[PDB]
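Asks: Here it is: the structure, laid out below.
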Amino acid sequence: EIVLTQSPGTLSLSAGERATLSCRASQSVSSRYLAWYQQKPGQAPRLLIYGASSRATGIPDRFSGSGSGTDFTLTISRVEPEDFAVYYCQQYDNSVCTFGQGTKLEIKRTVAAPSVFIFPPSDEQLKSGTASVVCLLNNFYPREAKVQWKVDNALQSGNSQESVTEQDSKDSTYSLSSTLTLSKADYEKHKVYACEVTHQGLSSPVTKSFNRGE
Amino acid sequence: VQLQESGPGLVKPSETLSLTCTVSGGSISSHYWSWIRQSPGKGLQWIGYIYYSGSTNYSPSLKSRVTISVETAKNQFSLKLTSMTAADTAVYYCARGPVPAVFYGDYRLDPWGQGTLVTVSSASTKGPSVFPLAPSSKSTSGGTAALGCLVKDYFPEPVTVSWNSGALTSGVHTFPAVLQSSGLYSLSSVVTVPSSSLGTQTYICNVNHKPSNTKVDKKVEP
């Protein structure tokens with residue numbers, strides 16, 4: 001059969017810079033069978049280019065496909081924050097449609113410090129017998145950050161979980177959540193709950209806390 | 001022309017999956033219709049297509065258990081994948097194509113559907129529990145305050161969260177769900193809004209878990 005091979009696996013660009021995506025086929029391909037797709041975080045793929053170089057209705061001019069035979073290329077003249085997505089090339093042949101692995105487009109940008117907030121667990125949750133302390137690190141860059149939980153000034157382990165959003169469409173930043181989970185009882189036996197955030201953009205490791213009696 | 005797939009999000013192991021795509025603004029007749037799926041954090045795998053007149057064509061790897069049907073009288077086409085396993089967990093999309101109605105003309109998958117997540121598991125469905133993430137002075141900074149909703153213990157995925165019935169959209173972050181040790185998912189949705197509007201404006205999160213057909217609307221206050 002025939003196989004499509006995209007490269008690079010990942011591509012990091014700043015707004016304005018030009019993007020060059022490559023798609024190679026393990027065999028020559030008629031241009032009418034080669035198409036390009038864009039897929040943004042948790043959203044359906046969408047067509048960008050068909051027939052190797054024809055742009056789909058409504059697609060911005062900065063997007064354009066070229067190439068032939070075995071080397072096809074997608075070019076984004078001037079990358080924009082909203083272009084953060086995965087790009088796939090697809091082909092049809094032998095009564096079978098197939099896709100490349102895709103190229104992930106990551107946006108480079110200036111360092112942004114995270115804003116830290118903290119949320120004591122709700123009383124409704126406490127009546128249920130469990131406590132969830134939520135610490136939020138909002139809109140920052142780059143993705144690397146460290147958060148430690150200190151109960152009554154004692155470091156915690158294996159009782160928290162983090163979740164991180166993908167790059168924002170507009171400001172290209174990340175957001176992070178760290179959830180400390182305790183039984184009502186264990187939560188009961190202490191008072192100062194603190195969230196210490198260590199990010200590249202913070203001169204000194206920031207801490208947000210509260211006393212279980214607000 | 002809009003496409004909308006529908007079907008269960010949960011299927012027990014070895015059972016059969018059934019998804020139907022409903023077309024609006026266009027017609028099934030004349031066109032080819034495909035089914036596609038995407039495994040979590042992975043690539044797209046074309047499943048197969050069906051020509052309005054009945055002719056079908058499936059991918060080799062799946063063919064032995066795939067079955068695409070069309071219902072030109074309802075403007076729908078369905079898919080059936082027998083004996084499902086965890087490997088079959090993915091977001092299934094429906095799309096028109098890739099063979100053009102006009103014999104000449106290019107091949108492309110367009111338009112696409114919204115996609116529907118299908119998780120294969122023996123576990124039961126469970127609606128989420130929603131708690132508020134109240135705006136405190138500990139969640140304030142200048143003219144901006146942070147608040148949100150905590151969606152706990154639900155299975156399987158996914159959950160959708162909107163604020164003020166879609167009215168509030170900017171500064172909203174819904175994190176990727178995380179599987180707790182209990183074998184149940186959990187996630188939080190946060191939104192940053194003007195500190196002054198905390199006394200006036202009402203903030204409510206809209207939680208939706210299609211799997212358990214559950215809907216909660218929680219008021220988040222100071």
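By convention in this document, the chains of the structure tokens carry letters A, B, ... by their order, each chain's residues are numbered from 1, and ligands are numbered from 1 in the order they are shown.
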Determine which residues of chain B sit within 7 Å of chain A, taking into account only C-alpha atoms, and present them as a ChimeraX atom specification.
Replies: /B:43-46,59,106-108,110,112-115,131-134,138-139,175-176
Asks: Pick out the residues sitting within 10 Å of residue 209 of chain B, and hand them over as a list in words; count only C-alpha atoms, and ignore anything fewer than 6 positions along from it in its own chain.
Replies: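 Neighbouring residues, sequence-local ones excluded: residues 125, 126, 127, 128, 154, 155, 156, 157, 158, 159, 160, 161, 215 and 216 of chain B.
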Asks: For the structure I just gave you, how does DSSP split segment 15-210 of chain B - specifically, which residues are helix (DSSP H, G or I)? Reply as a ChimeraX atom specification.
Replies: /B:60-63,86-88,137-139,164-166,197-200,210
Asks: Could you save the residues just selected, with N, CA and C atoms, as a compact mmCIF listing (two decimals), in the first residue's frame?
Replies:
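So selection.txt came out as:
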```txt
# COMPACT_ATOMS: atom_id res chain seq x y z
N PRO B 60 -9.40 -2.34 5.56
CA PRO B 60 -9.03 -3.74 5.76
C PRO B 60 -9.03 -4.14 7.24
N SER B 61 -8.18 -3.49 8.04
CA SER B 61 -8.06 -3.81 9.46
C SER B 61 -9.37 -3.93 10.25
N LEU B 62 -10.40 -3.21 9.85
CA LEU B 62 -11.67 -3.26 10.57
C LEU B 62 -12.76 -4.10 9.91
N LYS B 63 -12.81 -4.03 8.58
CA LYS B 63 -13.79 -4.74 7.74
C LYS B 63 -14.54 -5.95 8.32
N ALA B 86 -11.42 -2.39 24.70
CA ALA B 86 -10.87 -1.10 25.10
C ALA B 86 -10.11 -0.42 23.97
N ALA B 87 -9.53 -1.23 23.09
CA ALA B 87 -8.77 -0.69 21.97
C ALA B 87 -9.69 0.13 21.08
N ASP B 88 -10.99 -0.14 21.19
CA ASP B 88 -11.96 0.57 20.37
C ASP B 88 -12.44 1.87 21.00
N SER B 137 -11.23 36.26 49.09
CA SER B 137 -10.23 37.31 48.94
C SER B 137 -8.95 36.57 48.54
N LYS B 138 -8.99 35.25 48.74
CA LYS B 138 -7.88 34.36 48.42
C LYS B 138 -7.89 33.99 46.94
N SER B 139 -8.94 34.40 46.24
CA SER B 139 -9.06 34.12 44.82
C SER B 139 -9.23 35.45 44.11
N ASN B 164 -23.23 30.56 32.71
CA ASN B 164 -24.40 31.39 32.42
C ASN B 164 -25.04 31.03 31.09
N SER B 165 -25.29 29.73 30.95
CA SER B 165 -25.90 29.14 29.77
C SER B 165 -25.25 29.56 28.46
N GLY B 166 -23.93 29.71 28.49
CA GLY B 166 -23.21 30.09 27.29
C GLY B 166 -22.99 31.58 27.15
N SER B 197 -18.22 43.17 39.89
CA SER B 197 -19.46 42.50 39.50
C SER B 197 -19.81 41.29 40.37
N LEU B 198 -19.06 41.07 41.44
CA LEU B 198 -19.34 39.94 42.32
C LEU B 198 -20.55 40.18 43.20
N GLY B 199 -20.86 41.44 43.46
CA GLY B 199 -22.02 41.76 44.27
C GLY B 199 -23.28 41.82 43.42
N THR B 200 -23.11 42.25 42.17
CA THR B 200 -24.23 42.38 41.25
C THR B 200 -24.53 41.15 40.39
N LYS B 210 -23.48 13.66 29.38
CA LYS B 210 -24.36 12.92 28.48
C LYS B 210 -24.52 11.46 28.90
```
Asks: As a list in words, please: the residues near residue 73 of chain B (cut-off 9 Å, only C-alpha atoms, same-chain neighbours under 3 positions excluded).
Replies: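 Residues near the query, excluding close chain neighbours: residues 28, 70 and 76 of chain B.
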Asks: Can you tell me, as a list in words, what residues are no more than 10 Å from residue 27 of chain A when counting only C-alpha atoms, ignoring any on the same chain fewer than 2 positions away?
Replies: residues 1, 2, 3, 4, 24, 25, 29, 69, 70 and 71 of chain A
Asks: Can you write out the residues you just picked, keeping N, CA and C atoms, as a tab-separated table (two decimals), in the first residue's frame?
Replies:
```tsv
chain	number	residue	atom	x	y	z
A	1	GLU	N	0.82	-1.23	0.00
A	1	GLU	CA	0.00	0.00	0.00
A	1	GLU	C	0.85	1.27	0.00
A	2	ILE	N	0.31	2.34	0.58
A	2	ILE	CA	0.96	3.64	0.64
A	2	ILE	C	0.84	4.28	2.03
A	3	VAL	N	1.94	4.89	2.48
A	3	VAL	CA	1.99	5.51	3.79
A	3	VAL	C	2.45	6.98	3.78
A	4	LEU	N	1.78	7.80	4.58
A	4	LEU	CA	2.14	9.21	4.67
A	4	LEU	C	2.98	9.45	5.93
A	24	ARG	N	5.20	13.23	3.38
A	24	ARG	CA	5.79	12.41	2.34
A	24	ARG	C	5.08	11.08	2.19
A	25	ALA	N	4.92	10.63	0.95
A	25	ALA	CA	4.25	9.37	0.69
A	25	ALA	C	5.23	8.31	0.23
A	29	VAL	N	1.78	10.09	-5.48
A	29	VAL	CA	0.35	10.29	-5.27
A	29	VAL	C	-0.24	11.37	-6.18
A	69	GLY	N	3.96	14.46	-6.35
A	69	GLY	CA	4.55	13.14	-6.32
A	69	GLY	C	4.68	12.51	-4.94
A	70	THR	N	5.77	12.78	-4.24
A	70	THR	CA	5.98	12.19	-2.92
A	70	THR	C	6.28	13.17	-1.79
A	71	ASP	N	6.39	14.45	-2.11
A	71	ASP	CA	6.67	15.44	-1.08
A	71	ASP	C	5.69	16.62	-1.13
```
Asks: Which is closest to residue 170 of chain B among B:26, B:194, B:9, B:41, if we use only C-alpha atoms?
Replies: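 With only C-alpha atoms as the atom set, the closest residue is B:194.
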Asks: Take atom CA of residue 120 of chain B and atom CA of residue 37 of chain B and report the distance between them in Å, one decimal.
Replies: 13.7 Å
Asks: How many Å separate atom CA of residue 83 of chain A from atom CA of residue 5 of chain A?
Replies: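 Atom CA of residue 83 of chain A sits 21.2 Å away from atom CA of residue 5 of chain A.
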Asks: Just to confirm, what's the straight-line distance from atom CA of residue 102 of chain B to atom CA of residue 52 of chain B in Å (one decimal)?
Replies: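 Atom-to-atom, atom CA of residue 102 of chain B and atom CA of residue 52 of chain B are spaced 13.6 Å apart.
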Asks: Looking only at strand (DSSP E or B) from DSSP on the backbone, list the matching residues of segment 15-66 of chain B as a list in words.
Replies: residues 17, 18, 19, 20, 21, 22, 23, 24, 32, 33, 34, 35, 36, 37, 38, 44, 45, 46, 47, 48, 49, 50, 51, 56, 57, 58 and 66 of chain B
Asks: Put those residues in a file: N, CA, C and O atoms, as a JSON list (two decimals), in the first residue's frame.
Replies:
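Result went into result36.json, see below:
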```
[["chain", "number", "residue", "atom", "x", "y", "z"],
["B", 17, "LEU", "N", -21.34, -1.63, 19.13],
["B", 17, "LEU", "CA", -21.52, -0.18, 19.11],
["B", 17, "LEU", "C", -22.44, 0.24, 17.97],
["B", 17, "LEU", "O", -22.38, -0.32, 16.88],
["B", 18, "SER", "N", -23.30, 1.21, 18.24],
["B", 18, "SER", "CA", -24.22, 1.71, 17.22],
["B", 18, "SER", "C", -24.29, 3.24, 17.27],
["B", 18, "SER", "O", -24.77, 3.81, 18.25],
["B", 19, "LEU", "N", -23.81, 3.88, 16.21],
["B", 19, "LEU", "CA", -23.82, 5.33, 16.11],
["B", 19, "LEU", "C", -24.52, 5.78, 14.82],
["B", 19, "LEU", "O", -24.35, 5.18, 13.75],
["B", 20, "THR", "N", -25.33, 6.83, 14.92],
["B", 20, "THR", "CA", -26.03, 7.35, 13.75],
["B", 20, "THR", "C", -25.70, 8.83, 13.55],
["B", 20, "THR", "O", -25.63, 9.60, 14.51],
["B", 21, "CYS", "N", -25.49, 9.20, 12.29],
["B", 21, "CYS", "CA", -25.17, 10.57, 11.92],
["B", 21, "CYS", "C", -26.39, 11.15, 11.20],
["B", 21, "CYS", "O", -26.91, 10.54, 10.26],
["B", 22, "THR", "N", -26.85, 12.31, 11.65],
["B", 22, "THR", "CA", -28.01, 12.96, 11.04],
["B", 22, "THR", "C", -27.56, 14.21, 10.28],
["B", 22, "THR", "O", -26.95, 15.12, 10.84],
["B", 23, "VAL", "N", -27.88, 14.25, 8.99],
["B", 23, "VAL", "CA", -27.49, 15.39, 8.17],
["B", 23, "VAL", "C", -28.57, 16.45, 8.10],
["B", 23, "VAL", "O", -29.75, 16.13, 7.99],
["B", 24, "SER", "N", -28.16, 17.72, 8.15],
["B", 24, "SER", "CA", -29.10, 18.84, 8.07],
["B", 24, "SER", "C", -28.61, 19.87, 7.07],
["B", 24, "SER", "O", -27.42, 20.17, 7.01],
["B", 32, "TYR", "N", -21.08, 10.33, -0.76],
["B", 32, "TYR", "CA", -20.45, 9.24, -0.03],
["B", 32, "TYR", "C", -20.38, 9.69, 1.43],
["B", 32, "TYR", "O", -20.26, 10.87, 1.71],
["B", 33, "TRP", "N", -20.47, 8.75, 2.35],
["B", 33, "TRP", "CA", -20.43, 9.09, 3.77],
["B", 33, "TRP", "C", -19.50, 8.18, 4.54],
["B", 33, "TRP", "O", -19.65, 6.96, 4.50],
["B", 34, "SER", "N", -18.55, 8.78, 5.24],
["B", 34, "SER", "CA", -17.57, 8.03, 6.01],
["B", 34, "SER", "C", -17.73, 8.09, 7.53],
["B", 34, "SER", "O", -18.41, 8.97, 8.08],
["B", 35, "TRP", "N", -17.09, 7.14, 8.19],
["B", 35, "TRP", "CA", -17.06, 7.09, 9.65],
["B", 35, "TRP", "C", -15.58, 7.09, 9.95],
["B", 35, "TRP", "O", -14.79, 6.47, 9.25],
["B", 36, "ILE", "N", -15.20, 7.83, 10.99],
["B", 36, "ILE", "CA", -13.80, 7.93, 11.40],
["B", 36, "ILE", "C", -13.73, 7.96, 12.91],
["B", 36, "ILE", "O", -14.69, 8.34, 13.57],
["B", 37, "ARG", "N", -12.61, 7.53, 13.46],
["B", 37, "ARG", "CA", -12.42, 7.52, 14.90],
["B", 37, "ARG", "C", -11.00, 7.95, 15.23],
["B", 37, "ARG", "O", -10.08, 7.77, 14.43],
["B", 38, "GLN", "N", -10.83, 8.52, 16.41],
["B", 38, "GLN", "CA", -9.55, 9.02, 16.86],
["B", 38, "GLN", "C", -9.35, 8.56, 18.29],
["B", 38, "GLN", "O", -10.14, 8.90, 19.17],
["B", 44, "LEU", "N", -5.94, 9.83, 13.46],
["B", 44, "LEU", "CA", -7.21, 9.53, 12.85],
["B", 44, "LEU", "C", -7.13, 8.24, 12.05],
["B", 44, "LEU", "O", -6.16, 8.00, 11.32],
["B", 45, "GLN", "N", -8.14, 7.41, 12.21],
["B", 45, "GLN", "CA", -8.22, 6.17, 11.47],
["B", 45, "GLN", "C", -9.58, 6.13, 10.75],
["B", 45, "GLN", "O", -10.64, 6.12, 11.39],
["B", 46, "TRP", "N", -9.52, 6.16, 9.43],
["B", 46, "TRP", "CA", -10.71, 6.11, 8.59],
["B", 46, "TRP", "C", -11.30, 4.71, 8.78],
["B", 46, "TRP", "O", -10.56, 3.73, 8.74],
["B", 47, "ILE", "N", -12.60, 4.64, 8.99],
["B", 47, "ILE", "CA", -13.27, 3.36, 9.19],
["B", 47, "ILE", "C", -13.82, 2.78, 7.89],
["B", 47, "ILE", "O", -13.62, 1.59, 7.60],
["B", 48, "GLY", "N", -14.53, 3.61, 7.12],
["B", 48, "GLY", "CA", -15.10, 3.18, 5.86],
["B", 48, "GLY", "C", -16.19, 4.14, 5.42],
["B", 48, "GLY", "O", -16.52, 5.06, 6.15],
["B", 49, "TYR", "N", -16.75, 3.93, 4.23],
["B", 49, "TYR", "CA", -17.81, 4.80, 3.73],
["B", 49, "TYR", "C", -18.98, 4.02, 3.12],
["B", 49, "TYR", "O", -18.94, 2.80, 2.99],
["B", 50, "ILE", "N", -20.01, 4.76, 2.73],
["B", 50, "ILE", "CA", -21.18, 4.17, 2.09],
["B", 50, "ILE", "C", -21.73, 5.16, 1.06],
["B", 50, "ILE", "O", -21.85, 6.36, 1.34],
["B", 51, "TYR", "N", -22.03, 4.67, -0.13],
["B", 51, "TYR", "CA", -22.57, 5.50, -1.19],
["B", 51, "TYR", "C", -24.08, 5.43, -1.02],
["B", 51, "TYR", "O", -24.62, 4.35, -0.78],
["B", 56, "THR", "N", -20.79, 0.05, -0.40],
["B", 56, "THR", "CA", -19.95, 0.38, 0.75],
["B", 56, "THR", "C", -18.51, -0.06, 0.53],
["B", 56, "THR", "O", -18.22, -0.84, -0.36],
["B", 57, "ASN", "N", -17.62, 0.44, 1.38],
["B", 57, "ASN", "CA", -16.21, 0.11, 1.29],
["B", 57, "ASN", "C", -15.56, 0.36, 2.65],
["B", 57, "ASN", "O", -15.53, 1.49, 3.14],
["B", 58, "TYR", "N", -15.03, -0.69, 3.26],
["B", 58, "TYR", "CA", -14.42, -0.58, 4.58],
["B", 58, "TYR", "C", -12.91, -0.71, 4.57],
["B", 58, "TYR", "O", -12.32, -1.24, 3.62],
["B", 66, "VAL", "N", -17.06, -4.32, 10.85],
["B", 66, "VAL", "CA", -17.69, -3.06, 10.52],
["B", 66, "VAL", "C", -18.94, -3.31, 9.67],
["B", 66, "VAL", "O", -19.04, -4.32, 8.98]]
```
Asks: For residue 61 of chain A, which of A:79, A:113, A:202, A:194 is the closest residue, counting only C-alpha atoms?
Replies: A:79
Asks: Using only C-alpha atoms, can you tell me which of A:38, A:22, A:57, A:110 comes closest to residue 75 of chain A?
Replies: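 Closest candidate: A:22.
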Asks: Using only C-alpha atoms, which protein or nucleic acid residues come within 12 Å of segment 188-191 of chain A? Drop anything in the same chain fewer than 3 positions from it, and give the result as number ranges by chain.
Replies: A: 120-121, 126, 129-131, 150-154, 182-185, 194, 209-214
Asks: If you keep N, CA, C and O atoms, can you produce a file of those selected residues as a compact mmCIF listing (two decimals), in the first residue's frame?
Replies:
```
# COMPACT_ATOMS: atom_id res chain seq x y z
N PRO A 120 -10.85 26.99 49.34
CA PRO A 120 -11.09 26.08 50.45
C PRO A 120 -12.20 25.17 49.97
O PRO A 120 -12.95 25.53 49.06
N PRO A 121 -12.31 23.97 50.54
CA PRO A 121 -13.39 23.11 50.05
C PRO A 121 -14.72 23.70 50.49
O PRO A 121 -14.77 24.47 51.45
N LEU A 126 -17.96 18.95 52.42
CA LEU A 126 -17.58 18.47 53.74
C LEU A 126 -18.68 17.63 54.36
O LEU A 126 -18.39 16.68 55.09
N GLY A 129 -18.34 14.20 53.51
CA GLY A 129 -17.23 13.46 54.09
C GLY A 129 -15.90 13.51 53.36
O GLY A 129 -15.02 12.69 53.61
N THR A 130 -15.75 14.46 52.45
CA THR A 130 -14.50 14.59 51.73
C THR A 130 -14.17 16.06 51.52
O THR A 130 -15.07 16.91 51.47
N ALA A 131 -12.88 16.37 51.45
CA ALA A 131 -12.44 17.75 51.24
C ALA A 131 -11.52 17.85 50.04
O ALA A 131 -10.58 17.06 49.88
N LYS A 150 1.37 22.34 51.51
CA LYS A 150 1.89 22.33 52.87
C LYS A 150 0.74 22.52 53.84
O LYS A 150 0.09 23.57 53.85
N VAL A 151 0.47 21.49 54.63
CA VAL A 151 -0.59 21.52 55.62
C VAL A 151 0.06 21.86 56.95
O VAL A 151 1.01 21.20 57.37
N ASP A 152 -0.44 22.90 57.62
CA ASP A 152 0.14 23.33 58.89
C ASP A 152 1.66 23.36 58.72
O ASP A 152 2.41 22.99 59.62
N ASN A 153 2.08 23.78 57.54
CA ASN A 153 3.48 23.90 57.17
C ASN A 153 4.25 22.57 57.08
O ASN A 153 5.44 22.51 57.41
N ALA A 154 3.57 21.52 56.61
CA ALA A 154 4.18 20.20 56.43
C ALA A 154 3.96 19.74 54.98
O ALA A 154 2.82 19.64 54.52
N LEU A 182 -8.55 15.29 50.77
CA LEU A 182 -8.49 14.71 52.11
C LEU A 182 -9.85 14.29 52.61
O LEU A 182 -10.88 14.79 52.15
N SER A 183 -9.85 13.39 53.58
CA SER A 183 -11.09 12.94 54.20
C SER A 183 -11.50 14.10 55.08
O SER A 183 -10.63 14.86 55.52
N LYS A 184 -12.79 14.26 55.34
CA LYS A 184 -13.22 15.35 56.19
C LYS A 184 -12.38 15.34 57.47
O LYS A 184 -11.83 16.36 57.86
N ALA A 185 -12.28 14.17 58.10
CA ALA A 185 -11.52 13.99 59.33
C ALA A 185 -10.09 14.53 59.26
O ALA A 185 -9.70 15.37 60.08
N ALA A 194 -1.63 25.60 52.60
CA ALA A 194 -0.91 26.48 51.69
C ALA A 194 -0.50 25.84 50.38
O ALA A 194 -0.18 24.65 50.30
N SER A 209 -2.41 30.78 50.90
CA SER A 209 -2.93 29.92 51.94
C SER A 209 -4.18 30.47 52.60
O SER A 209 -4.68 31.53 52.23
N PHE A 210 -4.69 29.72 53.57
CA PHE A 210 -5.88 30.10 54.32
C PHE A 210 -5.96 29.25 55.58
O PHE A 210 -5.36 28.18 55.65
N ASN A 211 -6.65 29.76 56.59
CA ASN A 211 -6.83 29.01 57.84
C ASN A 211 -8.25 28.48 57.78
O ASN A 211 -9.16 29.21 57.43
N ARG A 212 -8.43 27.21 58.12
CA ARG A 212 -9.75 26.59 58.05
C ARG A 212 -10.88 27.31 58.80
O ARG A 212 -11.97 26.77 58.95
N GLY A 213 -10.62 28.53 59.26
CA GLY A 213 -11.64 29.30 59.96
C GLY A 213 -11.80 30.70 59.37
O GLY A 213 -11.35 31.69 60.00
N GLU A 214 -12.38 30.80 58.16
CA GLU A 214 -12.58 32.08 57.50
C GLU A 214 -13.99 32.63 57.70
O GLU A 214 -14.14 33.87 57.76
```
Asks: What lies within 10 Å of residue 204 of chain B using only C-alpha atoms, ignoring chain neighbours under 4 positions off, as an MDAnalysis selection string?
Replies: chainID B and resid 132 148:149 162:165 168 216:221
Asks: Filtering to N, CA, C and O atoms, could you give me those residues as a short mmCIF file (atom, residue, chain, number, x, y, z; two decimals), in the first residue's frame?
Replies:
```cif
data_model
loop_
_atom_site.label_atom_id
_atom_site.label_comp_id
_atom_site.auth_asym_id
_atom_site.auth_seq_id
_atom_site.Cartn_x
_atom_site.Cartn_y
_atom_site.Cartn_z
N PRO B 132 -19.30 24.18 44.46
CA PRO B 132 -18.81 25.49 44.03
C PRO B 132 -17.38 25.77 44.47
O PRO B 132 -16.89 25.21 45.45
N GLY B 148 -15.19 29.04 40.30
CA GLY B 148 -15.47 27.95 39.39
C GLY B 148 -16.30 26.84 39.98
O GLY B 148 -16.90 26.97 41.04
N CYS B 149 -16.35 25.73 39.26
CA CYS B 149 -17.09 24.56 39.70
C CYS B 149 -16.21 23.34 39.73
O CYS B 149 -15.32 23.16 38.90
N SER B 162 -20.38 24.92 30.97
CA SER B 162 -20.55 26.24 30.37
C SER B 162 -20.98 27.18 31.49
O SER B 162 -21.50 26.73 32.51
N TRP B 163 -20.75 28.47 31.30
CA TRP B 163 -21.15 29.43 32.31
C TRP B 163 -22.26 30.34 31.82
O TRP B 163 -22.24 30.81 30.68
N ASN B 164 -23.23 30.56 32.71
CA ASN B 164 -24.40 31.39 32.42
C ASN B 164 -25.04 31.03 31.09
O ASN B 164 -25.30 31.89 30.23
N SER B 165 -25.29 29.73 30.95
CA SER B 165 -25.90 29.14 29.77
C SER B 165 -25.25 29.56 28.46
O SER B 165 -25.93 29.73 27.45
N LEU B 168 -21.46 33.58 29.28
CA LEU B 168 -20.10 33.90 29.72
C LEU B 168 -19.16 32.94 29.03
O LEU B 168 -19.28 31.72 29.17
N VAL B 216 -26.63 19.50 35.84
CA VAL B 216 -26.65 20.26 37.07
C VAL B 216 -26.35 21.71 36.72
O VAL B 216 -25.64 22.00 35.76
N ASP B 217 -26.91 22.62 37.51
CA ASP B 217 -26.69 24.04 37.31
C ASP B 217 -26.39 24.58 38.69
O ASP B 217 -27.30 24.71 39.51
N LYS B 218 -25.13 24.89 38.95
CA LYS B 218 -24.76 25.39 40.27
C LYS B 218 -24.44 26.88 40.38
O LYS B 218 -23.64 27.43 39.62
N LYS B 219 -25.08 27.54 41.34
CA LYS B 219 -24.86 28.95 41.57
C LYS B 219 -23.57 29.05 42.40
O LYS B 219 -23.43 28.36 43.41
N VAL B 220 -22.64 29.89 41.96
CA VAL B 220 -21.37 30.10 42.66
C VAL B 220 -21.36 31.51 43.24
O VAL B 220 -21.34 32.50 42.50
N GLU B 221 -21.37 31.61 44.57
CA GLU B 221 -21.40 32.91 45.23
C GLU B 221 -20.29 33.10 46.24
O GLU B 221 -19.58 32.16 46.58
#
```
